[PDB]
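Text of start-v8.cif, listed as mmCIF, C-alpha atoms (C1' of nucleotides) and all ligand atoms:
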```
data_model
#
loop_
_atom_site.label_atom_id
_atom_site.label_comp_id
_atom_site.auth_asym_id
_atom_site.auth_seq_id
_atom_site.Cartn_x
_atom_site.Cartn_y
_atom_site.Cartn_z
CA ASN C 331 132.17 60.99 65.23
CA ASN C 332 132.18 63.03 61.95
CA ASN C 333 135.91 63.66 62.48
CA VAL C 334 137.14 64.61 58.97
CA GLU C 335 133.95 66.67 58.44
CA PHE C 336 134.62 68.48 61.74
CA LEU C 337 138.26 69.08 60.64
CA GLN C 338 136.86 70.39 57.33
CA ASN C 339 134.50 72.83 59.13
CA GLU C 340 137.29 73.87 61.57
CA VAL C 341 140.01 74.53 58.95
CA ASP C 342 137.43 76.19 56.65
CA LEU C 343 136.43 78.55 59.51
CA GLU C 344 140.13 79.38 60.08
CA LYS C 345 140.53 80.06 56.31
CA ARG C 346 137.43 82.30 56.25
CA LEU C 347 138.50 84.19 59.40
CA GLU C 348 141.78 84.92 57.53
CA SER C 349 139.89 85.88 54.27
CA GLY C 350 138.95 89.32 55.75
CA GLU C 351 135.74 88.28 57.63
CA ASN C 352 135.67 89.75 61.21
CA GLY C 353 133.78 86.64 62.55
CA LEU C 354 131.03 89.06 63.67
CA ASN C 355 130.04 88.98 59.96
CA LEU C 356 129.33 85.17 60.21
CA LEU C 357 127.18 85.87 63.30
CA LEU C 358 125.32 88.80 61.63
CA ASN C 359 124.68 86.66 58.48
CA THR C 360 122.73 84.14 60.67
CA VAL C 361 120.98 86.85 62.77
CA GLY C 362 119.17 88.36 59.74
CA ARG C 363 121.61 91.03 58.33
CA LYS C 364 120.87 91.79 54.68
CA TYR C 365 123.24 94.35 53.19
CA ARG C 366 121.51 97.20 51.22
CA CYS C 367 122.69 99.72 48.59
CA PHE C 368 123.29 103.35 49.70
CA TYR C 369 123.56 105.06 46.25
CA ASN C 370 121.10 107.72 45.05
CA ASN C 371 117.90 105.94 43.85
CA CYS C 372 119.27 102.40 44.62
CA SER C 373 117.83 100.14 47.41
CA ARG C 374 118.77 96.52 46.39
CA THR C 375 119.58 93.83 49.02
CA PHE C 376 122.12 90.98 49.42
CA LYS C 377 122.48 88.00 51.86
CA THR C 378 126.35 87.88 51.59
CA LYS C 379 128.99 90.68 51.72
CA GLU C 380 130.71 89.59 48.45
CA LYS C 381 127.42 90.20 46.51
CA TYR C 382 127.08 93.62 48.20
CA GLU C 383 130.75 94.46 47.32
CA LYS C 384 130.08 93.43 43.67
CA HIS C 385 126.95 95.66 43.60
CA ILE C 386 128.83 98.69 45.06
CA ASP C 387 131.66 97.97 42.55
CA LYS C 388 128.98 98.11 39.77
CA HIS C 389 128.08 101.59 41.12
CA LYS C 390 131.85 102.53 40.89
CA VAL C 391 131.66 101.28 37.25
CA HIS C 392 128.51 103.47 36.78
CA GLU C 393 130.49 106.53 38.06
CA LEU C 394 133.35 105.62 35.61
CA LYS C 395 130.82 105.35 32.68
CA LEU C 396 129.47 108.82 33.70
"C1'" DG T 1 119.71 55.23 57.58
"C1'" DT T 2 119.94 56.76 52.95
"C1'" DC T 3 119.31 57.30 48.05
"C1'" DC T 4 117.20 59.76 43.70
"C1'" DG T 5 115.50 64.15 41.86
"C1'" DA T 6 110.87 66.37 41.70
"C1'" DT T 7 109.59 70.57 43.24
"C1'" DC T 8 107.38 75.35 46.89
"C1'" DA T 9 109.40 78.98 47.13
"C1'" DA T 10 114.75 80.66 48.52
"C1'" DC T 11 117.09 84.31 46.83
"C1'" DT T 12 117.69 86.35 42.60
"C1'" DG T 13 116.94 90.45 37.66
"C1'" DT T 14 113.04 95.52 37.94
"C1'" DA T 15 107.83 98.09 38.25
"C1'" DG T 16 104.45 100.61 41.23
"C1'" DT T 17 101.95 101.06 46.87
"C1'" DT T 18 102.69 102.52 52.02
"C1'" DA T 19 103.62 106.30 56.24
"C1'" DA T 20 104.93 111.07 58.66
"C1'" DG T 21 103.11 115.55 59.79
"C1'" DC T 22 101.42 119.82 58.26
"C1'" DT T 23 96.69 124.70 60.22
"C1'" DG T 24 93.22 123.09 63.37
"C1'" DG T 25 90.10 122.68 67.29
"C1'" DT T 26 88.63 118.10 69.20
"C1'" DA T 27 87.26 113.12 71.31
"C1'" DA T 28 89.81 109.34 71.26
"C1'" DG T 29 93.50 105.73 74.04
"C1'" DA T 30 96.13 104.86 78.18
"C1'" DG T 31 95.96 106.57 82.77
"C1'" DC T 32 96.43 108.30 88.00
"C1'" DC T 33 95.26 108.62 93.09
"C1'" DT T 34 91.76 108.86 96.85
"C1'" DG T 35 88.33 106.45 98.08
"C1'" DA T 36 85.20 102.36 99.26
"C1'" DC T 37 84.27 96.61 100.14
"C1'" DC T 38 84.90 92.35 100.88
"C1'" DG T 39 88.35 88.26 101.58
"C1'" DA T 40 92.02 86.77 103.88
"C1'" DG T 41 96.13 87.29 107.43
"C1'" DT T 42 98.55 88.26 111.69
"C1'" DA T 43 98.33 86.54 115.97
"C1'" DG T 44 97.00 87.19 120.74
"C1'" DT T 45 92.99 85.83 122.91
"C1'" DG T 46 89.04 83.12 125.80
"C1'" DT T 47 87.40 79.59 128.54
"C1'" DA T 48 88.49 75.00 130.34
"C1'" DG T 49 91.27 71.08 132.18
"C1'" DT T 50 95.71 68.26 133.93
"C1'" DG T 51 99.21 68.31 136.58
"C1'" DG T 52 102.49 69.87 140.44
"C1'" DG T 53 104.29 71.85 144.16
"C1'" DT T 54 103.61 74.75 148.71
"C1'" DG T 55 101.67 74.95 152.90
"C1'" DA T 56 99.29 73.42 157.29
"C1'" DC T 57 98.36 70.09 160.47
"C1'" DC T 58 98.89 65.73 162.32
"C1'" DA T 59 101.06 61.37 164.82
"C1'" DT T 60 104.42 58.58 164.95
"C1'" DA T 61 108.89 57.37 166.28
"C1'" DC T 62 112.89 57.54 169.65
"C1'" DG T 63 115.26 59.41 173.71
"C1'" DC T 64 115.75 62.14 178.00
"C1'" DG T 65 113.69 63.43 181.64
"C1'" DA T 66 109.74 63.64 185.16
"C1'" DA T 67 106.80 61.51 188.56
"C1'" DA T 68 104.47 56.86 189.77
"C1'" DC T 69 104.46 52.52 192.43
"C1'" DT T 70 106.24 48.47 194.49
"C1'" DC T 71 108.96 46.17 197.81
"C1'" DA T 72 112.24 46.20 201.21
"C1'" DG T 73 115.61 49.39 204.04
"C1'" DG T 74 115.90 51.75 208.73
"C1'" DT T 75 114.70 53.84 213.09
"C1'" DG T 76 113.83 53.54 218.40
"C1'" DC T 77 111.55 51.94 221.97
"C1'" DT T 78 110.86 48.19 225.54
"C1'" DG T 79 109.04 43.17 226.86
"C1'" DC T 80 111.46 40.03 228.28
"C1'" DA T 81 115.58 37.60 229.52
"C1'" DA T 82 120.80 37.02 231.29
"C1'" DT T 83 125.44 38.92 232.43
"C1'" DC T 84 127.74 40.89 236.06
"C1'" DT T 85 127.26 42.07 240.63
ZN ZN B 1 122.68 100.23 44.60
#
```

Any chance you could give the structure as structure tokens?
Amino acid sequence: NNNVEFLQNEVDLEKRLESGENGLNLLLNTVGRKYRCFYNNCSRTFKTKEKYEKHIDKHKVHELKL
DNA sequence: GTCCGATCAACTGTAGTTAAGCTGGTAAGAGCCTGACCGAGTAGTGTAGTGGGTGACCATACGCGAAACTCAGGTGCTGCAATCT
């Protein structure tokens, strides 16, 4: 019955599946996958991949500062 | 059913508590297989009774033959009479 809302969810899924998400990411994000830092003496955690990418990019910035 | 927005804690910035396994000599979990003990399972059994069909012996029936019994056929003389002589 929620027809325009269903169209909104459907087209938004199709957008997000084109915006580099493998789909298996959307599954893993419900299952319990937190991303975690891998750098020396970093261990911080994120509930979305964009926040993890920003955090790893801040480590690239740290390497550039050094 | 839905509307406002307060509000436990969702998800978000760094400061300080948790194993694993090393030297050992060691008792602690988690365990294995043979054995024993009763409950229940697999299922053919143990008397006991209802029915049925086989077998023997009988008598009843007809139908053909066997001997019985009744009633009338058949033999042969001669007492008496009649034809031929
Ligand atoms: Zn990090």

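With the cut-off set to 12 Å and all atoms listed in the file counted, chain T residues close to chain C are residues 10, 11, 12, 13 and 14 of chain T.
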
Could you list, as a PyMOL selection string, all residues that come within 9 Å of ligand ZN 1 (chain B)? Count all atoms listed in the file. chain C and resi 366-375+382+385-386+388-389

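Interatomic distance, atom CA of residue 361 of chain C to atom CA of residue 387 of chain C: 25.4 Å.
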
For the atom pair atom CA of residue 381 of chain C and atom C1' of residue 17 of chain T, what is the interatomic distance in Å to one decimal place? 27.7 Å

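Relative to atom CA of residue 359 of chain C, atom CA of residue 340 of chain C is found at 18.2 Å.
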
Calculated over only C-alpha atoms, which of the candidates C:349, C:334, C:339, C:360 has the smallest distance to residue 378 of chain C? C:360

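Among the candidates C:390, C:379, C:384, C:345, the one nearest to residue 363 of chain C when counting all atoms listed in the file is C:379.
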
Output: chain C of the preceding structure, restricted to C-alpha atoms, written as a short mmCIF file (atom, residue, chain, number, x, y, z; two decimals), in the first residue's frame.
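The new file selection06.cif reads:
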```cif
data_model
loop_
_atom_site.label_atom_id
_atom_site.label_comp_id
_atom_site.auth_asym_id
_atom_site.auth_seq_id
_atom_site.Cartn_x
_atom_site.Cartn_y
_atom_site.Cartn_z
CA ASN C 331 0.00 0.00 0.00
CA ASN C 332 2.97 2.36 0.75
CA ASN C 333 3.61 2.57 -3.00
CA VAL C 334 5.69 5.78 -3.35
CA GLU C 335 7.63 4.84 -0.18
CA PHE C 336 8.35 1.39 -1.69
CA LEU C 337 9.47 3.09 -4.96
CA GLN C 338 11.67 5.36 -2.81
CA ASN C 339 13.28 2.37 -1.03
CA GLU C 340 13.65 0.47 -4.36
CA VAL C 341 15.27 3.31 -6.36
CA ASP C 342 17.42 4.27 -3.33
CA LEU C 343 18.69 0.65 -3.12
CA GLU C 344 19.50 0.76 -6.87
CA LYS C 345 21.36 4.09 -6.35
CA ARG C 346 23.33 2.68 -3.37
CA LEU C 347 24.19 -0.55 -5.23
CA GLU C 348 25.66 1.72 -7.96
CA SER C 349 27.48 3.94 -5.35
CA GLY C 350 30.22 1.25 -4.89
CA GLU C 351 28.46 -0.91 -2.22
CA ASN C 352 28.71 -4.67 -3.07
CA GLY C 353 25.24 -5.36 -1.50
CA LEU C 354 27.02 -7.83 0.84
CA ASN C 355 28.06 -4.64 2.71
CA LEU C 356 24.32 -3.82 3.43
CA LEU C 357 23.89 -7.40 4.73
CA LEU C 358 27.08 -7.25 6.87
CA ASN C 359 26.01 -3.84 8.32
CA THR C 360 22.83 -5.51 9.73
CA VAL C 361 24.63 -8.72 10.85
CA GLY C 362 26.91 -6.86 13.31
CA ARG C 363 30.02 -5.84 11.24
CA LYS C 364 31.85 -2.92 12.84
CA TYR C 365 34.89 -1.81 10.84
CA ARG C 366 38.10 -1.33 12.94
CA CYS C 367 41.39 0.56 12.39
CA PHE C 368 44.52 -1.47 11.45
CA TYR C 369 47.24 1.20 11.99
CA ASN C 370 50.00 0.86 14.62
CA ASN C 371 48.50 1.75 18.06
CA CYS C 372 44.98 2.51 16.62
CA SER C 373 41.89 0.33 17.38
CA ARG C 374 38.83 2.66 16.81
CA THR C 375 35.50 1.30 15.43
CA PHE C 376 32.82 2.46 12.94
CA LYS C 377 29.24 1.27 12.06
CA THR C 378 29.44 2.49 8.38
CA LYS C 379 32.21 2.11 5.73
CA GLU C 380 32.31 5.86 4.89
CA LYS C 381 33.31 6.65 8.55
CA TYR C 382 35.99 3.93 8.37
CA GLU C 383 37.28 5.35 5.02
CA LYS C 384 37.42 8.87 6.59
CA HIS C 385 39.37 7.46 9.59
CA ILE C 386 41.89 5.60 7.34
CA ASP C 387 42.16 8.82 5.23
CA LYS C 388 43.01 10.68 8.51
CA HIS C 389 45.83 8.10 8.97
CA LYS C 390 47.01 8.93 5.36
CA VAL C 391 46.97 12.62 6.46
CA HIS C 392 49.01 11.59 9.58
CA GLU C 393 51.62 9.91 7.28
CA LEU C 394 51.70 13.13 5.13
CA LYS C 395 52.22 15.29 8.31
CA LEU C 396 55.11 12.92 9.28
#
```
